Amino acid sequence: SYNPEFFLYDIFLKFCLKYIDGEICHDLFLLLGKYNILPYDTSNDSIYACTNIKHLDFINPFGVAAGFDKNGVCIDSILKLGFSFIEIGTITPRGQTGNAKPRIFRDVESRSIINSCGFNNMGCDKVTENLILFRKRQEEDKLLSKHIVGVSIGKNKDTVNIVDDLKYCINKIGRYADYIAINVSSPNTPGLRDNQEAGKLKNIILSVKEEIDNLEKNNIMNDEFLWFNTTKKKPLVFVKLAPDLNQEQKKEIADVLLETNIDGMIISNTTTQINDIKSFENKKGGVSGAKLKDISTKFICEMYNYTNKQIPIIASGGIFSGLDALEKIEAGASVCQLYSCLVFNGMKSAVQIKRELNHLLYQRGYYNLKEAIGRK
């Protein structure tokens, strides 16, 4: 399934990656998608690649990670590139400016990115208005039917007691989200990763699940009209975890996820422990991309064992090829998120990655994608 539209953007891609600033590249991409002039991938997806996380049914196992469309101003176009879902955010109750620019740097040779954004977003209220507009468009557009939209949530920079910010987001945007991702792993908000302590993380998770469950109580109508999302059901609850933890921490947090019955785990966020990128020596922030590939996959194996395979995994980190996706899936992941791939490969990310994984699934001997989960 070629397309003359995907190719023209590869021409622009080589230019931008070589001269234009990363965040400027991001703004242009988002701006083009805002006006619905990005290519489409309206082909039927392989039934062998369909996946699910409990009652969440994904048409294919590739979405866009958080931090890409932080404000939900580009949902329709990005999804129509060929992705099955998108994770908007991370959002905070009040929009922030973030750290000072430049805050995004690219090492083309190593296919790596380092960023110190600091949760720059428009705020929960405005992003909610955008998401409502999208759900209205989704009702009238076939290319958006059955596509998923998750919302990554966090805290404002100054707001102490992160629980309060989360409850506000839940109570304003919860009705329109298919799943909620708790971000306690961003390295650009000081001390957020200190909240991954078993006790703290327990109260955070339990408060989110309770707040989601409480929106349903005082409702006047049926559930079909309350949940204006894809599932027509209350959003699942996922947690996004950082890879820079020791084994003791890793096992107890996994124990907390079992006790609290979390719906999923997103492995993983960016890392701060990489020191082998010469261009990023004097740069602050977390690094993403290829140099994060092998590190995150291990973490998935370490966690897929710590939770006794009872909590599904969502893979994110250094996924650039179809074989990378299968490496993540056979390690224990059910779905994959692409971020740096879109940065370095552009519009062809979804169509390319989905084809490559399809060919590899049958060669390795599988009836469908599920058969591969944790087979390693």
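Think of the rigid core as the biggest set of C-alphas that the two forms share within 1.5 Å after superposition. Residue numbers here begin at 1 and follow the sequence given.
- Query: Which of these two stretches, 137 to 145 or 150 to 158, has the larger RMS Cα offset in 9 other deposited structures of this protein when the rigid core is kept aligned?
  - Reply: It is 137 to 145 whose C-alphas lie farther from the shown form in 9 other deposited structures of this protein.
- Between stretches 193 to 201 and 180 to 188, more displaced by Cα RMS in 9 other deposited structures of this protein (rigid core superposition): It is 193 to 201 that deviates more in 9 other deposited structures of this protein.
- Query: Is the mean CA B factor in the deposited entry higher across 86 to 94 or across 199 to 207?
  - Reply: Mean C-alpha B-factor is greater for 199 to 207.
- Query: Out of 284 to 292 and 124 to 132, which stretch has the higher average CA B-factor listed in the record?
  - Reply: Per the deposited B-factors, the answer is 284 to 292.
- Query: Highest CA temperature factor in the entry: which of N71, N161, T270, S152?
  - Reply: Among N71, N161, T270, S152, the PDB entry lists the largest C-alpha B-factor for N161.
- For the C-alpha B-factor as written in the entry, point me to the maximum among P235, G118, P102, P190. By C-alpha B-factor in the record, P190 ranks first.
- Task: Please place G332 in the lowest, middle or highest third of its chain by C-alpha B factor as given in the entry.
- Result: Within its chain, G332 is a highest-third residue by C-alpha B-factor, going by the deposited values.
- Message: Per the entry's values, where does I311 land by CA temperature factor relative to the rest of its chain, in the lowest, middle or highest third?
- Response: Its C-alpha B-factor, which the entry lists for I311, ranks in the highest third among residues of this chain.
- Message: Please place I59 in the lowest, middle or highest third of its chain according to the CA B-factor in the PDB entry.
- Response: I59: CA B-factor falls in the lowest third of its chain.
- Query: According to the PDB entry, is the CA B factor of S321 in the bottom, middle or top third of its chain, that is, lowest, middle or highest?
  - Reply: Answer is highest: the recorded C-alpha B-factor places it there.
- Query: By its CA B factor, does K172 count among the lowest, middle or highest third of the modelled residues in the chain?
  - Reply: Within its chain, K172 is a lowest-third residue by C-alpha B-factor, going by the deposited values.
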